[PDB]
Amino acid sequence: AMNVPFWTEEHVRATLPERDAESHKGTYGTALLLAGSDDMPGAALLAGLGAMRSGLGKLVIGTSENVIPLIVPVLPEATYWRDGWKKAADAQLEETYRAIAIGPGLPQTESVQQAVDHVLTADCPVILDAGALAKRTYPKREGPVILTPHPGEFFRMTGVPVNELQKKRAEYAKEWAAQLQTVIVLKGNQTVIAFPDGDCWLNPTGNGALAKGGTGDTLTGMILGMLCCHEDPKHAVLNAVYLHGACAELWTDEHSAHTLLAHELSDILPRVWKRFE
């Protein structure tokens, strides 16, 4: 009804970054991922793989001691801030990060909110997902805050019931991005990407292969990595959401949509991203 435009293949091709010959890992920054807990460890691996696949320089994973060993053999390229998401509840970060994500596989607790409050004093884009999403307001800061709710999480954030939300997705997402002054990636078929300056887009990619545990955890990681290699954080968010869906569409060419596992999205991204270069 609002005629929200799609972020199309043409926009993706025009905005994906180069990886220059005269670059090193520092050029692409160090990201921090605060994710994973004892009974939801896998979300950290999923988001970590999404992040490292998505063009960052380095990744530090701040997770519980028991989660670390479960990541290493699959994603040996990441390093660790031991019990980092718990530690983040106690103090401002002393390390400089290019971008930070918090929430996948974290319990939805006040301690996690304390960690969010500390991370927001950093000068970098911050993504809040999953257990880091709550009903709250956000401090004025320079770097964007990017919230990635599915409709259930949006209800938790706003009190807008899911059945009402789903009738007017872009309208609600835009209204709340404006009110909160955050980016809102309202997930679902035709994901809405609403910016607090009023810009808004729909994502045209993806299918029901994505309707399975873990896929949003992977997405959070993809956004985190893309924030590190794109000059414009808006493009990073839009390209992450687009390519995430494009990976599922590649899968379904020769595989049943019932059968995708989220980590395979990260495995598919290398070839999919090349197509748009």
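Numbering starts at 1 and follows the sequence shown.
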Which is higher on mean Cα B factor in this entry, 41-49 or 61-69? 61-69
May I ask you to compare 88-96 and 178-186 by their mean CA B factor in the entry and name the higher one? 88-96
Residue with highest C-alpha B-factor in the PDB entry, from 148, 163, 191, 207: 163
What third of its chain, lowest, middle or highest, does the C-alpha temperature factor of residue 131 fall into? middle
In terms of the CA temperature factor given in the entry, to which third of its chain does residue 117 belong: lowest, middle or highest? highest
Consider only the C-alpha atoms of the modelled residues in this chain, order them by B-factor as the entry records it, and name the third containing residue 266: lowest, middle or highest. middle
Determine, from the deposited record, the chain-internal third of the Cα B-factor for residue 217: lowest, middle or highest. lowest
Using the B-factors in the PDB entry, rank residue 259's C-alpha atom against the chain and give the third, lowest, middle or highest. lowest
